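So this first bit is one chain, no partners, the form deposited in one PDB entry, shown in structure tokens.
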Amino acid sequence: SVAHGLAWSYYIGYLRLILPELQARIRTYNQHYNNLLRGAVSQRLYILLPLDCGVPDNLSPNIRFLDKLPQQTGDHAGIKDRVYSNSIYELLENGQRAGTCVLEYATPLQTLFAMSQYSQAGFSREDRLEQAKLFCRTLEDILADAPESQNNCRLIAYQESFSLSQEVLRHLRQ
């Protein structure tokens, strides 16, 4: 299926590569690049999984972009020093800072949305919802048995006055 391939590519080509190094990158940021009065970046990659596949290019009102982690580079598929970058976000609640975390949308959901938009893909909006859920289930089952493993990332799936900050804060507060 469509979602089966997207989920395995998200793991094979991304999570498997950046999860084993995420802990070292976050500890580097907290010790050197963090401003004096800014909070420790929580561990773990928080992955946003909107089932409607609505992915804005700019995630950054209670979610404010702070900074980027140090880059991770590697050679892949003949591209020398392919760069992997992640963004740190501040989470506001009642005007007060409630958390800071590495946060991003699952990029394959943008592919599912584009396929529903383009007639040549032959892919309906109903197909999109079924495949989005199937993507999330496959990714969870992959991570459950993955050595790089689910303990470096949290999947935040949700369907849609929904508040995205409160959704992430609920996961960030255990």
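Basically, rigid core = biggest C-alpha set you can superpose within 1.5 Å across the two forms. All residue numbers refer to positions in the sequence shown, first residue = 1.
Compared with other deposited structures of the same protein, residue 88 does not meet the criterion of being unmodelled in at least one third, since all of those that resolve residues on both sides include it. In at least a third of the other PDB entries of this protein that model the residues around it, residue 161 has no coordinates. According to the entry, the deposited sequence has 4 to 9 residues without coordinates between residue 160 and residue 161. In this entry, residue 60 is separated from residue 61 by 1 to 3 residues of the deposited sequence that have no coordinates. 27 to 35 and 119 to 127 differ in mean CA B-factor, and the higher of the two is recorded for 27 to 35. Comparing C-alpha B-factors across 48, 139, 146, 109 in the deposited entry, the largest value falls on 146. Looking at the C-alpha B-factors along this chain, the one for residue 150 belongs to the highest third. Split the chain's modelled residues into thirds by C-alpha temperature factor. Residue 165 is in the highest one.
In the deposited entry, the Cα temperature factor of residue 86 places it in the middle third of its chain's modelled residues. In the PDB entry, residue 71 places in the lowest third of its chain by CA B-factor. When the modelled residues of the chain are ordered by C-alpha B-factor, residue 101 sits in the middle third.
What comes next is about the form deposited in another entry, which is not displayed.
Superposition on the rigid core between the shown form and the other one places the CA atom of residue 38 2 Å or more away from its counterpart. A displacement of less than 2 angstroms separates the C-alpha positions of residue 127 between the shown form and the other one, with the rigid core held in common. With a cut-off of 2 Å and the rigid core superposed, residue 149 has a Cα displacement that reaches or exceeds the cut-off between the shown form and the other one. Compared with the form shown here, the C-alpha atoms of residue 35 and residue 104 sit at least 3 Å farther apart in the other entry. Legend note: Cα of residue 38 to Cα of residue 104 is at least 3 Å farther in the other entry than in the depicted form.
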